[PDB]
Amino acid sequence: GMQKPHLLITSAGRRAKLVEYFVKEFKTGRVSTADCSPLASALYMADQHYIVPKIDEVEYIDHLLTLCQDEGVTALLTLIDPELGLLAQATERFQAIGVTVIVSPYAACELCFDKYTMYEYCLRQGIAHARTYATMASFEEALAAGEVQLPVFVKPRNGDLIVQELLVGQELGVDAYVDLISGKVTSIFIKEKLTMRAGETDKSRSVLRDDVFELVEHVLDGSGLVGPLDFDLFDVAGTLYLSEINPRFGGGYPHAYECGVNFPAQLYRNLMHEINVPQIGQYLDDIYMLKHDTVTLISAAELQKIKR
């Protein structure tokens, strides 16, 4: 409705706390969730939850378009990297049914998704980044020339492999929001990643650093990246290395939220056609986030009340 957005959060998975934040901040309208598994905990943080195909299934987008029309969805957001480009590529189909896909442009999503293209972007822009190799020959050459040392990370190329320089330093997880109307960066939240758990930031400390703010602003300036964003950085002997740009909410976003940096409220305001006023660095440093498991119980019968 005119005053009531209906946000569908797809690939909700385990991001229960994030969906809770959205439910709380959508003061009018509705927040619904979708995932391919009924065992995704985040599904049950919203009133309406739907089982959809897996993102790699051919009929995924066809199904989302039909779900959107049937359930009066006005906007769509994914929480996972592999779905970003898929939704970006399909934006015109969603626009043809009146649905706004909250995703950065396709080319930007794909540039960020492929670790090698991301590296090439950094080299062009003058942004520090771990030396990265897409072929075995170039890695051997680099070892031969002393350009890279013995200990190394071998990662998959997307998210074919890549080998890259082992960066030893303080890892930083930066949450950033680019206003969907004005195109300006409105908030940046920087945390030191202290402890990792199952590939996510489990413990962290908020920090205020002009260098990180300036680096992120410079990178976002003219990028075309919009909405909630995540930057992975490394402070290595006082120099900031860009490791990843993930055009979606970072797993450490709850730190930002609890410190007053509210992307779901800004997103809600943008769907209500309001521009958010930029307020960069208006949070407290030296605030620690410590994650811990809580639980949701659901009976098989209650689980069976959806499953298509």
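Residue numbers run from 1 along the displayed sequence.
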query	finding
Deposited residues lacking coordinates between residue 98 and residue 99 (none, 1 to 3, 4 to 9, 10 or more)	none
Mean Cα B-factor comparison, 226-234 or 144-152, giving the higher one as deposited	144-152
Between 165-173 and 80-88 (mean CA B-factor, as deposited), the higher	165-173
Criterion, highest CA B-factor; candidates, 179, 192, 221, 110	221
Entry-reported Cα temperature factor of residue 206, expressed as the chain third it lands in	lowest
Chain-wide C-alpha B factor ranking for residue 58, given as lowest, middle or highest third	highest
Entry-reported Cα temperature factor of residue 120, expressed as the chain third it lands in	lowest
Residue 35 by Cα B-factor - lowest, middle or highest third of the modelled chain	lowest
Ranked C-alpha temperature factor of residue 25 among modelled chain residues, by third	lowest
